[PDB]
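All remarks here apply to the structure that follows.
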Amino acid sequence: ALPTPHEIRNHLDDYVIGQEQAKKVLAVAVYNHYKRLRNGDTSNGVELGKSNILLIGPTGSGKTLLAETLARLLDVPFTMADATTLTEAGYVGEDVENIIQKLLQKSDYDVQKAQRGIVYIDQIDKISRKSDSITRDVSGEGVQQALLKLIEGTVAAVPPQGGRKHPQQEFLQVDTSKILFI
Amino acid sequence: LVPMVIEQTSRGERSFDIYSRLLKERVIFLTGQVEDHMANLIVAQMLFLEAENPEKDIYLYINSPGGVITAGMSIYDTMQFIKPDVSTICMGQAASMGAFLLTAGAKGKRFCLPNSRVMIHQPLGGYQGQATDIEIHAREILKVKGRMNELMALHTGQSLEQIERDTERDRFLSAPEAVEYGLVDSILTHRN
Ligand SMILES: Nc1ncnc2c1ncn2[C@@H]1O[C@H](COP(=O)(O)OP(=O)(O)OP(O)(O)=S)[C@@H](O)[C@H]1O
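If you're matching them up, the sequences are chains E and K in order.
Residues 63 to 194, 197 to 246 in the authors' numbering are what the first sequence spells out, letter by letter.
For the authors' numbering, add 1 to where a residue sits in the second sequence, where the first one is 1.
As structure tokens, this is what we get:
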């Protein structure tokens with residue numbers, strides 16, 4: 063017996079005040095996530111799509127709070143990364159694989175269990191283009209282009225346990241079509 | 002005061018004066034009396050457009066009561082030297098020198114507005130001094146009068162004898178008469 067949207071909403075009421083519309087979105091979205099997982103395109107419903115979430119609000123309202131408190135009652139693996147520490151491929155800053163890597167630390171390197179997890183991103187506006197093109201932006205628009213394929217679904221390469229050193233030269237392939245992003 | 006406009010481009014937004022925006026499109030304005038400063042400014046504009054593109058037509062709008070002769074002849078020689086066809090349009094009025102630059106435009110690309118007016122007369126001058134000096138300045142202005150009539154006939158197609166009789170005194174020519182006179186090619190009544 064999985065939790066209902068009303069049950070999970072009451073759980074969040076004990077940690078959030080003055081947010082009705084936002085609770086309904088995460089409750090309905092997380093609920094549908096379990097159903098999409100329960101039927102891995104094996105039932106009559108084939109090719110079950112995905113629907114991510116985009117939270118918008120002022121600072122200090124509880125956006126970071128919802129991501130942490132939600133992981134308590136969910137019990138599936140959850141992580142939290144920062145969009146600020148990202149750049150286009152070929153630059154030292156770019157660590158786009160780290161987000162998937164982090165998820166495995168929480169799941170104890172369980173690929174079958176990491177695909178069924180949830181991920182959250184904070185400070186997404188930091189990479190909005192400034193419409194300045198006559199130059200190349202390592203940070204900003206450039207970063208968004210790399211995330212396109214990651215959300216839709218693909219198989220990123222992850223260094224095992226973050227990579228021991230260069231001699232191994234092997235990577236971990238983990239499907240991402242089923243992973244949710246908030 | 003000159004109004005400022007914004008030219009939307011892929012690189013970004015740029016602010017331009019109304020006169021500078023039209024200059025980018027091969028358009029030059031000839032306003033007021035023709036003097037050494039105003040004439041020397043238009044010459045630099047024509048040369049700038051020649052280097053940017055030598056195959057695109059230039060448009061010259063003239064609204065002027067005339068002025069110095071020497072200042073105007075610098076523009077005429079420039080229009081003939083450069084390869085691009087300098088299209089001329091008459092707005093409001095075209096005096097003696099304004100008319101000479103009007104007819105000096107490229108053949109087939111000369112227009113006159115339906116209510117425009119052209120006026121032509123002989124060169125004006127004067128001198129004060131010894132009789133020997135008056136004879137010199139008289140011979141010089143006579144050469145200019147003869148020279149200005151020869152070029153007028155070349156572009157208008159009329160005979161030199163006809164230009165001499167018509168330029169003895171002030172002669173106003175309406176827009177329809179200018180076409181019949183060979184001064185212009187057609188009239189831009191409406192946009193088709
Ligand atoms: N809806 C809310 N209800 C109750 N308390 C809230 C709410 N939103 C924010 N708070 C309080 O504000 C604190 C900080 O909220 P945050 O989750 O950091 O907001 P934030 O938008 O995520 O800030 P960032 O991550 O720097 S953009 C929380 O620990 C709560 O005490």
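In this text, a Cβ means the ideal position worked out from N, Cα and C, and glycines have one as well.
> Which residue spans inside the segment 124-166 of chain K form an unbroken alpha helix (DSSP H) run of at least 4?
Replying inline: As far as the segment 124-166 of chain K is concerned, its whole alpha helix (DSSP H) runs of at least 4 residues are 132-157.
>> Measuring only from the beta carbon, is E:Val87 closer than 6 angstroms to any heavy atom that is part of ligand 1?
In response: no
>> Assuming the contact rule is C-beta atoms closer than 8 angstroms, E:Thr149 and E:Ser197 should be a hit. Round their C-beta distance to whole Å, please.
In response: E:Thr149 to E:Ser197, Cβ: 16 angstroms. No contact.
> Which residue comes first and which comes last in the alpha helix (DSSP H) that contains E:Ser169?
Replying inline: 158-169
>> Is the separation between the beta-carbon of E:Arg178 and that of E:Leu99 shorter than 7 angstroms?
In response: yes
>> If you reduce the DSSP assignment to three classes, tell me which class E:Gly206 lands in.
In response: helix
>> Can you determine whether any heavy atom of ligand 1 sits closer than 6 angstroms to the C-beta of E:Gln209, and answer yes or no?
In response: Checking the Cβ of E:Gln209 against ligand 1 gives no.
> Should K:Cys113 and K:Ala154 be called a contact, given that it needs their Cβ atoms to be closer than 7 angstroms?
Replying inline: no
> Helix, strand or coil for K:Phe49 per DSSP?
Replying inline: helix
> At which residues does the beta strand (DSSP E) containing E:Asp75 begin and terminate?
Replying inline: First-last for E:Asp75: 67-75, but that is the alpha helix (DSSP H), not the beta strand (DSSP E).
>> Any heavy atom of ligand 1 inside 6 angstroms of the beta-carbon of E:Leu64?
In response: no
>> Could you compute how far the alpha carbon of E:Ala151 sits from the alpha carbon of E:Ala210?
In response: 8 angstroms
> Taking the C-alpha atoms as reference points, what is the distance between E:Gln208 and E:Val90?
Replying inline: 26 angstroms
> Is the segment 128-141 of chain E in contact with the segment 24-34 of chain K, if contact means three or more CB pairs nearer than 8 angstroms?
Replying inline: no
> Under 7 angstroms between the Cβ atoms of K:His138 and K:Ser97?
Replying inline: no
> In angstroms, rounded to a whole number, what distance separates the CA positions of K:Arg166 and K:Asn150?
Replying inline: A direct Cα-Cα distance of roughly 10 angstroms separates K:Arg166 from K:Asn150.
> Can you name the start and end residues of the beta strand (DSSP E) that K:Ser16 belongs to?
Replying inline: 14-18
> With distances taken from CA atoms, which of E:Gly206, E:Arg200, E:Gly107 is nearest K:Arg12?
Replying inline: E:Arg200
> Taking just the CA atoms, how far does E:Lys86 sit from E:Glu69?
Replying inline: Rounded to the nearest angstrom, the two C-alpha atoms are 12 angstroms apart.
> Sorry if obvious, but does the Cβ on E:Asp75 come closer than 6 angstroms to a heavy atom of ligand 1?
Replying inline: no
> Taking 6 angstroms as the cut-off, is the CB of E:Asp184 close to at least one heavy atom of ligand 1?
Replying inline: yes
>> Could you check if E:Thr147 belongs to the surroundings of ligand 1, using beta carbon to heavy atom distance under 6 angstroms?
In response: Exclusion of E:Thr147 from the 6 angstroms shell around ligand 1 follows from its C-beta lying no nearer than that to any non-hydrogen atom of the ligand.
> By a C-beta neighbour count over all protein chains shown, 10 Å radius and 16 as the cutoff for buried, is E:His95 buried or exposed?
Replying inline: Residue environment: E:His95 is assigned as buried (16 or more neighbouring CB atoms within 10 Å of its CB, all protein chains considered).
>> Quick check on the DSSP output: the alpha helix (DSSP H) that includes K:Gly99 runs from which residue to which?
In response: Counted as a single uninterrupted DSSP element, the alpha helix (DSSP H) harbouring K:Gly99 occupies residues 97-104.
>> Taking contact to mean 3 or more Cβ pairs, one atom from each stretch, closer than 8 angstroms, check whether the segment 158-167 of chain E and the segment 122-138 of chain E are in contact.
In response: no
> Taking the beta strand (DSSP E) that K:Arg111 falls in, what are its first and last residues?
Replying inline: 111-113
> Looking only at its own chain, which residues have a Cβ that is under 7 angstroms from the Cβ of K:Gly93, when we skip the five neighbours before and after it?
Replying inline: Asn64, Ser117
> In the segment 97-162 of chain E, which residue ranges form an unbroken alpha helix (DSSP H) of at least 4 residues, counting only runs that do not cross its ends?
Replying inline: For the segment 97-162 of chain E, the full-length alpha helix (DSSP H) segments reaching 4 residues or more read 125-136 along the chain.
> So, helix, strand or coil for K:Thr190, using DSSP?
Replying inline: coil
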